[PDB]
file data-v2.pdb (PDB, C-alpha atoms)
ATOM      1  CA  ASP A   3      30.927 -20.664  -8.095
ATOM      2  CA  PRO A   4      27.397 -19.857  -6.722
ATOM      3  CA  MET A   5      26.911 -17.127  -9.436
ATOM      4  CA  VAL A   6      27.624 -19.659 -12.252
ATOM      5  CA  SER A   7      25.456 -22.300 -10.494
ATOM      6  CA  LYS A   8      22.464 -19.880 -10.445
ATOM      7  CA  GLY A   9      22.373 -19.236 -14.284
ATOM      8  CA  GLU A  10      23.423 -22.776 -15.072
ATOM      9  CA  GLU A  11      20.560 -23.931 -12.885
ATOM     10  CA  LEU A  12      18.087 -21.907 -15.040
ATOM     11  CA  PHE A  13      19.623 -23.251 -18.274
ATOM     12  CA  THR A  14      20.496 -26.912 -17.573
ATOM     13  CA  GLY A  15      17.767 -28.665 -19.595
ATOM     14  CA  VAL A  16      15.471 -27.747 -22.552
ATOM     15  CA  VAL A  17      13.915 -24.223 -22.042
ATOM     16  CA  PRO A  18      10.808 -23.160 -24.006
ATOM     17  CA  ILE A  19      11.300 -19.951 -25.971
ATOM     18  CA  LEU A  20       8.782 -17.214 -27.061
ATOM     19  CA  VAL A  21       9.666 -14.319 -29.364
ATOM     20  CA  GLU A  22       7.460 -11.301 -30.176
ATOM     21  CA  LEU A  23       8.613  -8.573 -32.597
ATOM     22  CA  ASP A  24       6.903  -5.306 -33.595
ATOM     23  CA  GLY A  25       8.483  -3.797 -36.729
ATOM     24  CA  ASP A  26       8.215  -0.882 -39.089
ATOM     25  CA  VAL A  27      10.679  -0.596 -41.959
ATOM     26  CA  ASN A  28      10.166   2.613 -44.083
ATOM     27  CA  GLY A  29       6.520   2.685 -42.746
ATOM     28  CA  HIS A  30       5.904  -1.036 -43.745
ATOM     29  CA  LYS A  31       4.513  -2.253 -40.427
ATOM     30  CA  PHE A  32       4.634  -5.901 -39.457
ATOM     31  CA  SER A  33       4.513  -8.388 -36.592
ATOM     32  CA  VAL A  34       6.370 -11.634 -36.005
ATOM     33  CA  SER A  35       5.736 -14.448 -33.447
ATOM     34  CA  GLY A  36       8.312 -17.203 -32.855
ATOM     35  CA  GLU A  37       8.349 -20.371 -30.785
ATOM     36  CA  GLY A  38      10.807 -23.116 -29.939
ATOM     37  CA  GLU A  39      13.331 -24.297 -27.370
ATOM     38  CA  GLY A  40      16.932 -23.760 -26.443
ATOM     39  CA  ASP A  41      19.296 -26.203 -24.868
ATOM     40  CA  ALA A  42      22.368 -24.201 -23.675
ATOM     41  CA  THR A  43      24.299 -27.350 -22.487
ATOM     42  CA  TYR A  44      24.656 -27.931 -26.320
ATOM     43  CA  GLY A  45      24.313 -24.242 -27.537
ATOM     44  CA  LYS A  46      21.382 -25.412 -29.563
ATOM     45  CA  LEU A  47      18.314 -23.369 -30.755
ATOM     46  CA  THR A  48      15.297 -24.638 -32.701
ATOM     47  CA  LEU A  49      12.844 -21.837 -33.637
ATOM     48  CA  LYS A  50       9.928 -21.213 -35.939
ATOM     49  CA  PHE A  51       8.923 -17.587 -36.825
ATOM     50  CA  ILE A  52       5.494 -16.603 -38.260
ATOM     51  CA  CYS A  53       4.605 -13.280 -39.883
ATOM     52  CA  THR A  54       1.192 -12.696 -38.381
ATOM     53  CA  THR A  55       0.409  -9.545 -40.492
ATOM     54  CA  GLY A  56       0.693 -11.326 -43.851
ATOM     55  CA  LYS A  57       3.713 -10.881 -46.097
ATOM     56  CA  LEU A  58       7.051 -10.051 -44.412
ATOM     57  CA  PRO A  59       8.103  -6.860 -46.276
ATOM     58  CA  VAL A  60      11.855  -7.602 -45.818
ATOM     59  CA  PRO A  61      13.879 -10.797 -46.479
ATOM     60  CA  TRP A  62      13.740 -13.364 -43.558
ATOM     61  CA  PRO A  63      17.638 -13.624 -43.488
ATOM     62  CA  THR A  64      17.878  -9.898 -42.461
ATOM     63  CA  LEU A  65      16.062 -10.666 -39.194
ATOM     64  CA  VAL A  66      17.980 -13.828 -38.132
ATOM     65  CA  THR A  67      20.371 -11.921 -35.829
ATOM     66  CA  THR A  68      17.524  -9.877 -34.224
ATOM     67  CA  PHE A  69      15.586 -13.063 -33.536
ATOM     68  CA  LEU A  71      19.072 -15.245 -27.651
ATOM     69  CA  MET A  72      22.794 -15.168 -26.554
ATOM     70  CA  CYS A  73      21.866 -16.617 -23.106
ATOM     71  CA  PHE A  74      21.680 -20.032 -24.957
ATOM     72  CA  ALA A  75      25.339 -20.013 -25.971
ATOM     73  CA  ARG A  76      27.404 -23.018 -24.888
ATOM     74  CA  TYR A  77      30.224 -21.554 -22.761
ATOM     75  CA  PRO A  78      33.093 -24.111 -22.225
ATOM     76  CA  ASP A  79      33.503 -24.797 -18.455
ATOM     77  CA  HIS A  80      36.802 -22.778 -18.353
ATOM     78  CA  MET A  81      34.904 -19.649 -19.584
ATOM     79  CA  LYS A  82      31.743 -19.767 -17.408
ATOM     80  CA  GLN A  83      32.958 -16.734 -15.382
ATOM     81  CA  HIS A  84      32.638 -14.805 -18.768
ATOM     82  CA  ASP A  85      28.923 -15.569 -19.491
ATOM     83  CA  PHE A  86      27.311 -12.150 -18.902
ATOM     84  CA  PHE A  87      24.060 -13.326 -20.587
ATOM     85  CA  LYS A  88      23.088 -16.034 -18.146
ATOM     86  CA  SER A  89      24.367 -14.070 -15.185
ATOM     87  CA  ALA A  90      21.721 -11.348 -15.812
ATOM     88  CA  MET A  91      18.825 -13.878 -15.483
ATOM     89  CA  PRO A  92      16.129 -14.294 -14.479
ATOM     90  CA  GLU A  93      15.600 -10.484 -14.392
ATOM     91  CA  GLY A  94      17.072 -10.327 -17.853
ATOM     92  CA  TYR A  95      18.894  -7.825 -20.041
ATOM     93  CA  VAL A  96      18.183  -5.240 -22.764
ATOM     94  CA  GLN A  97      19.856  -5.910 -26.086
ATOM     95  CA  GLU A  98      20.160  -2.890 -28.438
ATOM     96  CA  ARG A  99      21.460  -2.698 -31.991
ATOM     97  CA  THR A 100      22.024  -0.530 -34.984
ATOM     98  CA  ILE A 101      22.367  -2.660 -38.078
ATOM     99  CA  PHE A 102      23.889  -0.654 -41.048
ATOM    100  CA  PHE A 103      23.043  -2.252 -44.456
ATOM    101  CA  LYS A 104      25.937  -1.157 -46.856
ATOM    102  CA  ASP A 105      24.638   1.196 -49.574
ATOM    103  CA  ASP A 106      21.141   0.949 -48.017
ATOM    104  CA  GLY A 107      19.137   1.709 -44.816
ATOM    105  CA  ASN A 108      19.466   0.673 -41.153
ATOM    106  CA  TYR A 109      17.618  -1.190 -38.436
ATOM    107  CA  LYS A 110      17.526   0.015 -34.863
ATOM    108  CA  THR A 111      16.335  -2.621 -32.492
ATOM    109  CA  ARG A 112      15.538  -2.822 -28.777
ATOM    110  CA  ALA A 113      14.857  -6.203 -27.139
ATOM    111  CA  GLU A 114      14.197  -7.195 -23.557
ATOM    112  CA  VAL A 115      15.269 -10.736 -22.804
ATOM    113  CA  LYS A 116      14.051 -12.342 -19.568
ATOM    114  CA  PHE A 117      12.110 -15.188 -17.947
ATOM    115  CA  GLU A 118       8.323 -15.218 -17.655
ATOM    116  CA  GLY A 119       7.921 -18.241 -15.392
ATOM    117  CA  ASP A 120       9.595 -21.178 -17.158
ATOM    118  CA  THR A 121       9.524 -19.516 -20.619
ATOM    119  CA  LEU A 122      12.495 -17.603 -21.902
ATOM    120  CA  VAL A 123      10.993 -14.477 -23.628
ATOM    121  CA  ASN A 124      12.494 -11.992 -26.229
ATOM    122  CA  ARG A 125      10.193  -9.008 -26.797
ATOM    123  CA  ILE A 126      11.567  -6.912 -29.679
ATOM    124  CA  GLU A 127      10.908  -3.555 -31.268
ATOM    125  CA  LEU A 128      12.488  -2.843 -34.618
ATOM    126  CA  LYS A 129      12.597   0.355 -36.674
ATOM    127  CA  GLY A 130      14.136   0.452 -40.173
ATOM    128  CA  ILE A 131      14.660   3.703 -42.075
ATOM    129  CA  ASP A 132      16.198   5.030 -45.274
ATOM    130  CA  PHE A 133      15.828   1.847 -47.163
ATOM    131  CA  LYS A 134      15.851   1.965 -50.973
ATOM    132  CA  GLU A 135      12.578   0.881 -52.601
ATOM    133  CA  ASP A 136      14.275  -1.265 -55.256
ATOM    134  CA  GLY A 137      17.363  -2.179 -53.137
ATOM    135  CA  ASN A 138      18.227  -5.657 -51.840
ATOM    136  CA  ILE A 139      16.112  -5.558 -48.661
ATOM    137  CA  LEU A 140      12.811  -3.847 -49.876
ATOM    138  CA  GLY A 141      13.351  -5.499 -53.274
ATOM    139  CA  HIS A 142      13.638  -8.983 -51.758
ATOM    140  CA  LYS A 143      16.897  -9.768 -53.519
ATOM    141  CA  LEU A 144      18.566 -11.944 -50.852
ATOM    142  CA  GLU A 145      18.942 -15.679 -51.014
ATOM    143  CA  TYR A 146      17.176 -17.828 -48.376
ATOM    144  CA  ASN A 147      20.435 -19.037 -46.684
ATOM    145  CA  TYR A 148      23.000 -18.022 -44.024
ATOM    146  CA  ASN A 149      26.752 -18.152 -43.501
ATOM    147  CA  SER A 150      28.795 -18.893 -40.305
ATOM    148  CA  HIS A 151      30.102 -15.911 -38.310
ATOM    149  CA  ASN A 152      31.938 -14.894 -35.071
ATOM    150  CA  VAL A 153      30.556 -12.269 -32.722
ATOM    151  CA  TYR A 154      33.247 -10.333 -30.657
ATOM    152  CA  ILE A 155      32.176  -9.570 -27.132
ATOM    153  CA  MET A 156      33.779  -6.916 -24.899
ATOM    154  CA  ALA A 157      32.986  -5.392 -21.532
ATOM    155  CA  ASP A 158      31.403  -1.920 -21.538
ATOM    156  CA  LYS A 159      32.285  -1.024 -17.918
ATOM    157  CA  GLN A 160      30.461   2.338 -18.100
ATOM    158  CA  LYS A 161      27.147   0.599 -19.048
ATOM    159  CA  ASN A 162      27.599  -2.179 -16.440
ATOM    160  CA  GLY A 163      27.334  -4.406 -19.501
ATOM    161  CA  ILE A 164      28.790  -5.567 -22.814
ATOM    162  CA  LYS A 165      29.460  -4.130 -26.327
ATOM    163  CA  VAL A 166      29.456  -6.383 -29.374
ATOM    164  CA  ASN A 167      30.397  -5.553 -33.021
ATOM    165  CA  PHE A 168      30.319  -7.879 -36.115
ATOM    166  CA  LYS A 169      29.675  -8.105 -39.795
ATOM    167  CA  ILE A 170      27.100 -10.344 -41.531
ATOM    168  CA  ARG A 171      27.380 -10.927 -45.299
ATOM    169  CA  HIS A 172      24.006 -11.805 -46.879
ATOM    170  CA  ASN A 173      24.016 -13.651 -50.213
ATOM    171  CA  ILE A 174      22.438 -11.597 -53.009
ATOM    172  CA  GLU A 175      20.622 -13.561 -55.762
ATOM    173  CA  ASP A 176      23.132 -12.327 -58.412
ATOM    174  CA  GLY A 177      26.118 -13.943 -56.509
ATOM    175  CA  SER A 178      27.324 -10.722 -54.666
ATOM    176  CA  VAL A 179      26.917  -9.781 -50.939
ATOM    177  CA  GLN A 180      24.930  -7.428 -48.846
ATOM    178  CA  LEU A 181      27.025  -6.359 -45.884
ATOM    179  CA  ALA A 182      25.071  -5.828 -42.584
ATOM    180  CA  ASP A 183      27.357  -4.027 -40.037
ATOM    181  CA  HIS A 184      26.143  -4.795 -36.479
ATOM    182  CA  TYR A 185      26.790  -2.605 -33.446
ATOM    183  CA  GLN A 186      25.360  -3.884 -30.210
ATOM    184  CA  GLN A 187      25.120  -3.047 -26.511
ATOM    185  CA  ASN A 188      23.606  -5.123 -23.690
ATOM    186  CA  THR A 189      22.797  -3.971 -20.143
ATOM    187  CA  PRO A 190      21.203  -5.799 -17.205
ATOM    188  CA  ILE A 191      17.551  -5.170 -16.199
ATOM    189  CA  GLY A 192      18.209  -5.954 -12.567
ATOM    190  CA  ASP A 193      20.272  -4.008 -10.140
ATOM    191  CA  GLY A 194      21.885  -7.412  -9.337
ATOM    192  CA  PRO A 195      25.539  -8.203  -9.909
ATOM    193  CA  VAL A 196      26.575  -9.545 -13.387
ATOM    194  CA  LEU A 197      29.716 -11.232 -14.805
ATOM    195  CA  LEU A 198      31.694  -8.795 -16.906
ATOM    196  CA  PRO A 199      33.683 -10.769 -19.513
ATOM    197  CA  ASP A 200      37.249 -10.671 -20.832
ATOM    198  CA  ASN A 201      37.367 -10.257 -24.646
ATOM    199  CA  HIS A 202      36.077 -13.454 -26.338
ATOM    200  CA  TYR A 203      33.797 -14.502 -29.186
ATOM    201  CA  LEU A 204      30.695 -16.576 -29.952
ATOM    202  CA  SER A 205      30.793 -18.874 -33.043
ATOM    203  CA  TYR A 206      27.388 -19.131 -34.829
ATOM    204  CA  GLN A 207      26.159 -21.764 -37.279
ATOM    205  CA  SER A 208      22.693 -21.123 -38.754
ATOM    206  CA  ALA A 209      20.467 -23.166 -41.095
ATOM    207  CA  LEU A 210      17.177 -21.775 -42.578
ATOM    208  CA  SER A 211      14.209 -23.817 -43.755
ATOM    209  CA  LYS A 212      10.459 -23.929 -44.409
ATOM    210  CA  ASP A 213       7.652 -26.016 -42.765
ATOM    211  CA  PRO A 214       6.122 -27.809 -45.761
ATOM    212  CA  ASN A 215       2.639 -27.662 -44.091
ATOM    213  CA  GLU A 216       2.675 -23.944 -43.325
ATOM    214  CA  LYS A 217       0.858 -21.479 -45.639
ATOM    215  CA  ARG A 218       1.692 -18.329 -43.642
ATOM    216  CA  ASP A 219       4.906 -16.420 -44.367
ATOM    217  CA  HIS A 220       7.433 -18.057 -42.047
ATOM    218  CA  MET A 221      11.047 -19.140 -41.305
ATOM    219  CA  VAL A 222      12.339 -22.227 -39.543
ATOM    220  CA  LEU A 223      15.700 -21.476 -37.773
ATOM    221  CA  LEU A 224      18.251 -24.081 -36.491
ATOM    222  CA  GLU A 225      21.202 -22.285 -34.667
ATOM    223  CA  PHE A 226      24.331 -23.603 -32.763
ATOM    224  CA  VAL A 227      26.311 -21.128 -30.692
ATOM    225  CA  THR A 228      29.591 -21.654 -28.818
ATOM    226  CA  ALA A 229      31.874 -19.360 -26.837
ATOM    227  CA  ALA A 230      35.599 -19.369 -27.605
ATOM    228  CA  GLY A 231      38.805 -17.405 -27.735
ATOM    229  CA  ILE A 232      39.916 -17.869 -24.097
ATOM    230  CA  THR A 233      42.102 -20.959 -23.873
TER     231      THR A 233
END
call {"tool": "encode", "arguments": {"input": "data-v2.pdb", "output": "structure tokens"}}
result
Amino acid sequence: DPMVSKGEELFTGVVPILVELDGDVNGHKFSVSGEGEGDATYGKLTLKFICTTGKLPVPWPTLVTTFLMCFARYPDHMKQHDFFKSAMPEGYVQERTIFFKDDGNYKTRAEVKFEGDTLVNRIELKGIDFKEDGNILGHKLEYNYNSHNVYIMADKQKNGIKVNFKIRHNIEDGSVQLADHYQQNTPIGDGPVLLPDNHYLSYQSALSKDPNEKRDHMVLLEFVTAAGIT
């Protein structure tokens, strides 16, 4: 399939990754820079994020999902369903509303595309209606992350895909902060894309710190694999 060969050609080895996010959550403005590499043959991501404006005013775990579906390992029998690679190199826009249960919301807009050999994710994030002493502004979430599935469907009207999914963040008292994710992706190009049958991505995420790093930061290890089409 020449379409599959094109995206697979861009993704076949280790691809350097750059991430830039501009955020404002209840008027708390902040910037984040991330670097690493993705290796889509194995669905593997290795990233480090740095808050470059001092203290991150929200818990690192709340940003993990905002911070590269093009790096998913699609099994060979599903490669006709990989919308994300198919939109490259021109890229795609990924938009979300994240609803924090009993708290505020993030609205995000990201453009994902190549700049030469570097795979780039430029993000803008706006959070509103957060509670001052709630779990996000209050920094009450544990520095960890559970496994989830992400359900992908075609959105034929937007020449793209819709995604919905729930993340449960661990709260330091043993309870859970539900983050309800609604997502839409659309190509940047006017080029053709692969519109998928219903399927899901399985995510595994592990958070850490760099013991030499004094800035506010997050090391992210992610594995991502498509499934649900036998």
call {"tool": "axis_aligned_box", "arguments": {"input": "data-v2.pdb", "around": "stretch 187-198 of chain A", "padding_each_side": "6 Å", "output": "AutoDock Vina command-line options"}}
result
--center_x 24.6 --center_y -7.1 --center_z -17.9 --size_x 26.1 --size_y 20.2 --size_z 29.2
call {"tool": "closest_residue", "arguments": {"input": "data-v2.pdb", "among": "A:98, A:11, A:145, A:114", "to": "residue A:166", "atoms": "only C-alpha atoms"}}
result
A:98
call {"tool": "closest_residue", "arguments": {"input": "data-v2.pdb", "among": "A:156, A:91, A:210, A:115", "to": "residue A:65", "atoms": "only C-alpha atoms"}}
result
A:210
call {"tool": "closest_residue", "arguments": {"input": "data-v2.pdb", "among": "A:232, A:140, A:223, A:12", "to": "residue A:46", "atoms": "all atoms listed in the file"}}
result
A:223
call {"tool": "closest_residue", "arguments": {"input": "data-v2.pdb", "among": "A:111, A:64, A:160, A:207", "to": "residue A:146", "atoms": "all atoms listed in the file"}}
result
A:64
call {"tool": "resolve_selection", "arguments": {"input": "data-v2.pdb", "expression": "the PyMOL selection byres ((chain A and resi 34) around 6)", "output": "mmCIF file with C-alpha atoms, in the frame of the given file"}}
result
data_model
loop_
_atom_site.group_PDB
_atom_site.id
_atom_site.type_symbol
_atom_site.label_atom_id
_atom_site.label_comp_id
_atom_site.auth_asym_id
_atom_site.auth_seq_id
_atom_site.Cartn_x
_atom_site.Cartn_y
_atom_site.Cartn_z
ATOM 1 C CA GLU A 22 7.460 -11.301 -30.176
ATOM 2 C CA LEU A 23 8.613 -8.573 -32.597
ATOM 3 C CA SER A 33 4.513 -8.388 -36.592
ATOM 4 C CA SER A 35 5.736 -14.448 -33.447
ATOM 5 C CA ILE A 52 5.494 -16.603 -38.260
ATOM 6 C CA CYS A 53 4.605 -13.280 -39.883
ATOM 7 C CA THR A 54 1.192 -12.696 -38.381
#
call {"tool": "residues_around", "arguments": {"input": "data-v2.pdb", "residues": "stretch 177-186 of chain A", "least_positions_apart": "3", "cutoff": "8 Å", "atoms": "only C-alpha atoms", "output": "PDB file with C-alpha atoms, in the frame of the given file"}}
result
ATOM      1  CA  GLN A  97      19.856  -5.910 -26.086  1.00  0.00           C
ATOM      2  CA  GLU A  98      20.160  -2.890 -28.438  1.00  0.00           C
ATOM      3  CA  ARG A  99      21.460  -2.698 -31.991  1.00  0.00           C
ATOM      4  CA  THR A 100      22.024  -0.530 -34.984  1.00  0.00           C
ATOM      5  CA  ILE A 101      22.367  -2.660 -38.078  1.00  0.00           C
ATOM      6  CA  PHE A 102      23.889  -0.654 -41.048  1.00  0.00           C
ATOM      7  CA  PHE A 103      23.043  -2.252 -44.456  1.00  0.00           C
ATOM      8  CA  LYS A 104      25.937  -1.157 -46.856  1.00  0.00           C
ATOM      9  CA  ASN A 138      18.227  -5.657 -51.840  1.00  0.00           C
ATOM     10  CA  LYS A 165      29.460  -4.130 -26.327  1.00  0.00           C
ATOM     11  CA  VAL A 166      29.456  -6.383 -29.374  1.00  0.00           C
ATOM     12  CA  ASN A 167      30.397  -5.553 -33.021  1.00  0.00           C
ATOM     13  CA  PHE A 168      30.319  -7.879 -36.115  1.00  0.00           C
ATOM     14  CA  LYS A 169      29.675  -8.105 -39.795  1.00  0.00           C
ATOM     15  CA  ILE A 170      27.100 -10.344 -41.531  1.00  0.00           C
ATOM     16  CA  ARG A 171      27.380 -10.927 -45.299  1.00  0.00           C
ATOM     17  CA  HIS A 172      24.006 -11.805 -46.879  1.00  0.00           C
ATOM     18  CA  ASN A 173      24.016 -13.651 -50.213  1.00  0.00           C
ATOM     19  CA  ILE A 174      22.438 -11.597 -53.009  1.00  0.00           C
TER      20      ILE A 174
END
call {"tool": "closest_residue", "arguments": {"input": "data-v2.pdb", "among": "A:69, A:95, A:148, A:77", "to": "residue A:42", "atoms": "only C-alpha atoms"}}
result
A:77
call {"tool": "atom_distance", "arguments": {"input": "data-v2.pdb", "atom1": "atom CA of residue A:55", "atom2": "atom CA of residue A:218"}}
result
9.4 Å
call {"tool": "atom_distance", "arguments": {"input": "data-v2.pdb", "atom1": "atom CA of residue A:107", "atom2": "atom CA of residue A:30"}}
result
13.6 Å
call {"tool": "resolve_selection", "arguments": {"input": "data-v2.pdb", "expression": "the PyMOL selection byres ((chain A and resi 188) around 6)", "output": "ChimeraX atom specification"}}
result
/A:96-97,163-164,187,189
call {"tool": "closest_residue", "arguments": {"input": "data-v2.pdb", "among": "A:201, A:147, A:215, A:152", "to": "residue A:175", "atoms": "all atoms listed in the file"}}
result
A:147
call {"tool": "decode", "arguments": {"input": "data-v2.pdb", "residues": "stretch 151-170 of chain A", "atoms": "N, CA, C and O atoms", "output": "CSV table (one decimal), in the first residue's frame"}}
result
chain,number,residue,atom,x,y,z
A,151,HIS,N,-4.6,3.2,30.4
A,151,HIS,CA,-5.9,3.4,29.8
A,151,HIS,C,-6.0,3.0,28.3
A,151,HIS,O,-5.0,2.8,27.6
A,152,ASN,N,-7.3,2.9,27.8
A,152,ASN,CA,-7.6,2.7,26.4
A,152,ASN,C,-8.3,4.0,25.9
A,152,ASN,O,-9.1,4.6,26.7
A,153,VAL,N,-8.0,4.3,24.7
A,153,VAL,CA,-8.4,5.5,24.0
A,153,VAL,C,-9.2,5.0,22.8
A,153,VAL,O,-8.6,4.3,21.9
A,154,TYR,N,-10.5,5.3,22.7
A,154,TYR,CA,-11.4,4.8,21.6
A,154,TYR,C,-11.5,5.8,20.5
A,154,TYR,O,-11.9,7.0,20.7
A,155,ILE,N,-11.1,5.4,19.3
A,155,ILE,CA,-11.0,6.2,18.1
A,155,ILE,C,-12.1,5.9,17.2
A,155,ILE,O,-12.5,4.7,17.0
A,156,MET,N,-12.8,6.9,16.7
A,156,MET,CA,-13.8,6.8,15.6
A,156,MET,C,-13.7,7.8,14.5
A,156,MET,O,-13.1,8.9,14.7
A,157,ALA,N,-14.1,7.5,13.3
A,157,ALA,CA,-14.1,8.4,12.2
A,157,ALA,C,-15.1,9.6,12.5
A,157,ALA,O,-16.1,9.4,13.2
A,158,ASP,N,-14.7,10.8,12.1
A,158,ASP,CA,-15.6,11.9,12.1
A,158,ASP,C,-15.6,12.4,10.7
A,158,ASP,O,-14.7,13.2,10.3
A,159,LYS,N,-16.5,11.8,9.9
A,159,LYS,CA,-16.5,11.9,8.4
A,159,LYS,C,-16.7,13.3,7.9
A,159,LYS,O,-16.0,13.8,7.0
A,160,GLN,N,-17.6,14.0,8.6
A,160,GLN,CA,-17.8,15.5,8.5
A,160,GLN,C,-16.6,16.4,8.7
A,160,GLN,O,-16.5,17.5,8.1
A,161,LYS,N,-15.7,16.0,9.6
A,161,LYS,CA,-14.5,16.8,9.8
A,161,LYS,C,-13.2,16.2,9.1
A,161,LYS,O,-12.1,16.6,9.4
A,162,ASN,N,-13.5,15.4,8.1
A,162,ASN,CA,-12.4,14.6,7.3
A,162,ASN,C,-11.4,14.1,8.3
A,162,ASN,O,-10.2,14.1,8.0
A,163,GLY,N,-11.8,13.6,9.5
A,163,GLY,CA,-10.9,13.3,10.6
A,163,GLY,C,-11.3,12.2,11.5
A,163,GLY,O,-12.0,11.3,11.1
A,164,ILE,N,-11.0,12.4,12.8
A,164,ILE,CA,-11.3,11.4,13.8
A,164,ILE,C,-11.8,12.1,15.1
A,164,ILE,O,-11.4,13.2,15.4
A,165,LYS,N,-12.7,11.4,15.8
A,165,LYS,CA,-13.2,11.8,17.2
A,165,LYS,C,-12.7,10.7,18.1
A,165,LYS,O,-12.6,9.6,17.7
A,166,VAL,N,-12.3,11.2,19.3
A,166,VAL,CA,-11.8,10.3,20.4
A,166,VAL,C,-12.5,10.7,21.7
A,166,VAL,O,-12.7,11.9,22.0
A,167,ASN,N,-12.9,9.7,22.5
A,167,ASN,CA,-13.4,10.1,23.9
A,167,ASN,C,-12.7,9.1,24.8
A,167,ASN,O,-12.3,8.0,24.4
A,168,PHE,N,-12.6,9.5,26.1
A,168,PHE,CA,-11.9,8.6,27.1
A,168,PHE,C,-11.7,9.2,28.4
A,168,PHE,O,-11.8,10.4,28.6
A,169,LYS,N,-11.7,8.4,29.5
A,169,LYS,CA,-11.6,8.9,30.8
A,169,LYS,C,-10.3,8.5,31.5
A,169,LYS,O,-9.9,7.4,31.4
A,170,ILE,N,-9.6,9.5,32.1
A,170,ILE,CA,-8.4,9.3,32.9
A,170,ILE,C,-8.8,9.5,34.4
A,170,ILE,O,-9.5,10.5,34.7
